[PDB]
Amino acid sequence: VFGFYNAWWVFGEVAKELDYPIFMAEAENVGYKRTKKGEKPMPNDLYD
Amino acid sequence: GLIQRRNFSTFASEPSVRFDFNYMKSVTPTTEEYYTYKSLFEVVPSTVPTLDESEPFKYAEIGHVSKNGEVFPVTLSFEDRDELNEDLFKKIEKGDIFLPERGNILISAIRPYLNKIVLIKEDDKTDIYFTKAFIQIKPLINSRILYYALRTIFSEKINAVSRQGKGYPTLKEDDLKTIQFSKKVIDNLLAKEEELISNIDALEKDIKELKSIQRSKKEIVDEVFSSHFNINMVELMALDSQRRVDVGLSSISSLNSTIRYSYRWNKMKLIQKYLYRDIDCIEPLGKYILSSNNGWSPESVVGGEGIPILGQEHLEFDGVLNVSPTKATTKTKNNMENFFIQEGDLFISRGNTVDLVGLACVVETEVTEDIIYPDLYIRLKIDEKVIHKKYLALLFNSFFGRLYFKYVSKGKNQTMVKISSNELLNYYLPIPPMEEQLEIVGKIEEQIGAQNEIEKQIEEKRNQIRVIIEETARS
DNA sequence: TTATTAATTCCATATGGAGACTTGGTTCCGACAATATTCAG
DNA sequence: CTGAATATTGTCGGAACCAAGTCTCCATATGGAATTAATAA
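Written out as structure tokens, the structure reads:
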């Protein structure tokens, strides 16, 4: 499917020619800290 | 195991008529004129104090109390009650709190063998509330004498009445009321007072003075490495808190070679760009590497009969292999010699938490016996003309290696994030001249040697503080 | 005129696992005494 | 009018235990070795 290439040297120029922004972020606390004895509230970095 | 033999009548010792092996390992006919709980101490029923809200009180669980009878309380205040510490306030509201009266002793009820007995000193201020998981006793005899007689001595009779019962080995007030303290052991200590208090007070204040200047094994490495290179440690910890990186499509293949675009890699790039803004001595490590031999990890039994094997707990922030093997195998692989530690070897940890993966250390310890290093160790025979292995290991243990390996460690399971040879070959670390590398090594060798000497004197004092008690009791 | 592949074995090795063992002590349900109740002789 | 017994009100006592911290053997490619091999003078 790739065509007898390493795809890295090709992919570099492919991404150079056509480019779009990409969004990345990290959440540290999700707000539903669960244990085998039930759920517990926590700060929610995803949404409010 | 043990093989004893008891009688039916011995089941009448406790009104709970228990006949478990652990309890009756200690049960035996007695000839000493034993004392009882009535003469020595008095259990004080716990009550819920009326805590004020303006003043920030200090609370302490069992986990906050240390093995050596030190308390590290948490400062809580109803004014700032967030979700992180909401559980503590839930315990307080339920009623698991009590203020110890001055002079009492608080024995932890769960897991007595840890010897987590704390003494509320008659002097000093800022009293701290405790969880009702402790047990209050009011010593009719001198409080310090009973404290020391319970920590050092009687540590096995208290452990001989704990009740496990499908879970936690716990105690009860009745268990303490059942104890059978001896007379000579306690009267010898009580009579020989007014010096067995002065000597212990002097030794304890010496230990406190020694602890007053103690520093961790990571801050020292951080301090000197921050002294060089002019790194703002406060700003580095602020940029590390950012959780928003917006890279482009083009900047995904830059030095990637395997197309990694996870968030960890893209924050690694930002942190590494920030770190080397003013440093210009950086060359890739892959040039100065000759081999990346891994280790061998056979099925090992703890304290077995065979060749010893190291573990991931034997690599410390100092940069010296602890050489304290625990596990032992008896299996062979026809190539045993290649998996034996040797003096001068450079081992990097492969597989740990996100913060403890990549720790490096030089052996620096002449041991004639053969010890296997597991396959979680990467040995890195390198060019001994530019790197000066000790410098490399202590750089890796520093924040210059604790942030790269925190964001390059590949792995689906975040609890065993691992580093491969590719990360080692593609790590851009700062290499100063050979003369400059030696200066740092001397600093964070002499400082840590002084710190270790501090760590040794305190242990010797804490050992003689109980040797004195033992020799005073048995006399 | 051979000996280069490039396939087909085969090794010790690098890599990674919706992990998993070790150590310490924590919540929460269920009683339960003591609230209360509780109607009545 | 002297109850003790059921609304319950807050406290012990355990738990086919269980979070916190952090240390692990092993199945599985794999590829560079071997092998067969076809180049071609």
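Protein chains in written order, with PDB author numbering: chain B, 725 to 772; chain C, 2 to 476. Built from N, CA and C at the ideal position, the CB exists for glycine as well.
Under 9 Å between the Cβ atoms of residue i and residue j?
i, j, result
"residue 305 of chain C", "residue 376 of chain C", "no"
"residue 308 of chain C", "residue 330 of chain C", "yes"
"residue 232 of chain C", "residue 190 of chain C", "no"
"residue 244 of chain C", "residue 750 of chain B", "yes"
"residue 61 of chain C", "residue 75 of chain C", "yes"
"residue 38 of chain C", "residue 135 of chain C", "no"
"residue 151 of chain C", "residue 111 of chain C", "no"
"residue 322 of chain C", "residue 366 of chain C", "yes"
"residue 462 of chain C", "residue 207 of chain C", "yes"
"residue 250 of chain C", "residue 275 of chain C", "no"
"residue 273 of chain C", "residue 404 of chain C", "yes"
"residue 473 of chain C", "residue 193 of chain C", "yes"
"residue 471 of chain C", "residue 153 of chain C", "yes"
"residue 211 of chain C", "residue 469 of chain C", "no"
"residue 265 of chain C", "residue 408 of chain C", "yes"
"residue 445 of chain C", "residue 214 of chain C", "no"
"residue 310 of chain C", "residue 430 of chain C", "no"
"residue 156 of chain C", "residue 116 of chain C", "yes"
"residue 121 of chain C", "residue 96 of chain C", "no"
"residue 3 of chain C", "residue 20 of chain C", "no"
"residue 400 of chain C", "residue 279 of chain C", "no"
In whole angstroms, give me the CA-to-CA distance for residue i and residue j.
i, j, result
"residue 281 of chain C", "residue 227 of chain C", "16 Å"
"residue 373 of chain C", "residue 291 of chain C", "21 Å"
"residue 34 of chain C", "residue 28 of chain C", "16 Å"
"residue 728 of chain B", "residue 734 of chain B", "11 Å"
"residue 398 of chain C", "residue 362 of chain C", "8 Å"
"residue 277 of chain C", "residue 769 of chain B", "30 Å"
"residue 752 of chain B", "residue 436 of chain C", "43 Å"
"residue 161 of chain C", "residue 25 of chain C", "8 Å"
"residue 176 of chain C", "residue 84 of chain C", "38 Å"
"residue 748 of chain B", "residue 738 of chain B", "21 Å"
"residue 352 of chain C", "residue 423 of chain C", "15 Å"
"residue 420 of chain C", "residue 344 of chain C", "24 Å"
"residue 338 of chain C", "residue 392 of chain C", "27 Å"
"residue 139 of chain C", "residue 109 of chain C", "15 Å"
"residue 88 of chain C", "residue 758 of chain B", "13 Å"
"residue 170 of chain C", "residue 163 of chain C", "6 Å"
"residue 72 of chain C", "residue 258 of chain C", "52 Å"
"residue 406 of chain C", "residue 383 of chain C", "20 Å"
"residue 137 of chain C", "residue 42 of chain C", "10 Å"
"residue 101 of chain C", "residue 128 of chain C", "8 Å"
"residue 415 of chain C", "residue 254 of chain C", "24 Å"
Using DSSP's beta-bridge definition, name the partner residues of residue i.
i, result
"residue 107 of chain C", "C:119, C:137"
"residue 59 of chain C", "C:76"
"residue 153 of chain C", "Partner(s): none; residue 153 of chain C has no beta bridge."
"residue 164 of chain C", "C:171"
"residue 146 of chain C", "DSSP, once it has assigned bridges, lists no residue as partnering residue 146 of chain C."
"residue 70 of chain C", "The partner list for residue 70 of chain C (beta bridge, DSSP) is empty, contrary to what the question assumes."
"residue 764 of chain B", "B:757"
"residue 50 of chain C", "Paired residue(s): none; residue 50 of chain C is not in a bridge."
"residue 44 of chain C", "C:138"
"residue 20 of chain C", "Per DSSP, none; premise fails for residue 20 of chain C."
"residue 748 of chain B", "C:246"
"residue 131 of chain C", "C:99"
Could you tell me how far apart the beta carbons of residue i and residue j are, in whole angstroms, since I believe they sit closer than 8 Å?
i, j, result
"residue 198 of chain C", "residue 132 of chain C", "Not a contact, Cβ separation roughly 29 Å."
"residue 98 of chain C", "residue 49 of chain C", "6 Å"
"residue 78 of chain C", "residue 57 of chain C", "4 Å"
"residue 225 of chain C", "residue 388 of chain C", "That belief does not hold up - the Cβ atoms of residue 225 of chain C and residue 388 of chain C are roughly 18 Å apart, past 8 Å."
"residue 268 of chain C", "residue 246 of chain C", "6 Å"
"residue 395 of chain C", "residue 360 of chain C", "Contact flag wrong, Cβ pair sits at about 10 Å."
"residue 332 of chain C", "residue 300 of chain C", "7 Å"
"residue 348 of chain C", "residue 379 of chain C", "7 Å"
"residue 36 of chain C", "residue 159 of chain C", "Actually they do not touch by this definition, with Cβ atoms about 15 Å apart."
"residue 410 of chain C", "residue 358 of chain C", "5 Å"
"residue 449 of chain C", "residue 319 of chain C", "6 Å"
Cβ of residue i versus every heavy atom of the ligand ZN: is any distance shorter than 8 Å?
i, result
"residue 297 of chain C", "The ligand ZN is not part of this structure, which contains no ligands at all."
Which whole runs of the beta strand (DSSP E) in the segment 298–381 of chain C are 3 residues long or more, in chain order? 308–310, 328–330, 347–350, 361–363, 378–380
What residue ranges within the segment 173–231 of chain C form continuous alpha helix (DSSP H) runs of no fewer than 4 residues, ordered along the chain? 174–179, 185–192, 199–213, 220–228
Can you check the segment 386–439 of chain C for any alpha helix (DSSP H) of at least 4 residues that lies completely inside it and give the ranges in chain order? 390–398, 400–403, 406–409, 422–426
Suppose only complete runs of 3+ residues qualify. What are the beta strand (DSSP E) ranges in the segment 225–292 of chain C, listed by chain order? 283–285
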